[PDB]
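Please read the structure below before turning to the comments.
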Amino acid sequence: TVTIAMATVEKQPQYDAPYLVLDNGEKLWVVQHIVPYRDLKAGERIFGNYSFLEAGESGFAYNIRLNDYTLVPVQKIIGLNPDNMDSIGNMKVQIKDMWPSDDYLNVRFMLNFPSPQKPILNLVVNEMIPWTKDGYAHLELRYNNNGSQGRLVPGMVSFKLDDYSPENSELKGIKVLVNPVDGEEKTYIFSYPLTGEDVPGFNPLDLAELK
Numbered sequence: 034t035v036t037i038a039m040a041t042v043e044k045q046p047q048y049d050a051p052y053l054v055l056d057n058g059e060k061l062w063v064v065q066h067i068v069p070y071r072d073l074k075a076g077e078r079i080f081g082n083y084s085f086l087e088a089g090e091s092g093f094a095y096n097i098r099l100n101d102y103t104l105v106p107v108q109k110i111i112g113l114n115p116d117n118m119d120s121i122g123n124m125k126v127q128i129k130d131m132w133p134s135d136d137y138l139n140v141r142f143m144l145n146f147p148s149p150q151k152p153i154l155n156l157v158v159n160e161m162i163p164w165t166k167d168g169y170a171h172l173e174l175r176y177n178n179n180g181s182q183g184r185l186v187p188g189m190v191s192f193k194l195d196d197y198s199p200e201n202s203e204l205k206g207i208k209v210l211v212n213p214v215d216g217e218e219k220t221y222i223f224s225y226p227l228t229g230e231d232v233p234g235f236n237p238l239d240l241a242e243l244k
């Protein structure tokens, strides 16, 4: 009866409230809210709890009740080179979910509680290895706990894909290298175009766990 899913806040001058855009591009108008939303800014990303109340109007696919959400940090891709390699790291990380959408690589993962340094997860272009011939984007996820060896807690992040996204028509897909906690370095492969089959199903506990 409720949908737990990602969304990006957007705004346009002619409207008097922020609205939500699902990753499939449908725009949702908020007609009821149980938590604050009016001060959300364009480009902010959320993992939210929606009730779809009825078909919308004026280009909004649906009018919704916003039951709850949590903010999801949005990170840029960075360049990995010999100078910053050491500070970027490649420590073992536990991935719970990873999937691309039109604009983002979405990752749910475990990170060490800050004790005190707050850990970093980056999505990098490796500038130290040759071009590949294969028509896929090649990126790497790099985790650094920055000394924090503490208890693991859940985390979500969205990396802006920009030129590595499915809107780049020259790309056959994306390959993402991960150094996993149980296992050896492995490649997640996602073909383009995205049909929606890559998107995991979530429930309220998934959202509750992230607050």
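Following PDB author numbering, the numbering of the sequence shown begins with 34 at its first residue and continues without gaps.
Note that the Cβ used here is the ideal one computed from N, Cα and C, for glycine as well.
Worksheet item: Using the beta-carbon count (16 or more within 10 Å), is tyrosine 137 buried or exposed?
Response: So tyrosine 137 counts as buried.
Worksheet item: Taking the C-alpha atoms as reference points, what is the distance between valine 211 and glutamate 90?
Response: 43 Å
Discussion item. Mapping the DSSP letters down to three states, classify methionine 118 as helix, strand or coil.
Written reply: helix
Discussion item. Would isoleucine 207 and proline 133 qualify as a contact pair, given that the criterion is a beta-carbon distance under 8 Å?
Written reply: yes
Discussion item. Going residue by residue through the stretch 153–212, where are the continuous beta strand (DSSP E) segments of at least 3 residues, counting only ones entirely within it?
Written reply: For the stretch 153–212, the continuous beta strand (DSSP E) assignments of 3+ residues that do not extend past its boundaries occur at 153–159, 169–177, 185–193, 206–211, in sequence order.
Discussion item. Using the Cβ count rule (16 or more neighbours within 10 Å means buried), how would you classify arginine 184?
Written reply: exposed
Item to complete: Can you give me the Cβ contacts of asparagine 179 inside the same chain, cut-off strictly under 6 Å, excluding the 5 residues immediately before and after it?
Response: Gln150, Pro152
Worksheet item: So what does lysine 151 bridge to, in DSSP terms?
Response: DSSP output for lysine 151 lists no bridge partner at all.
Practice prompt. Along the alpha helix (DSSP H) that carries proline 237, what are the first and last residues, could you check?
Written response: 237–241
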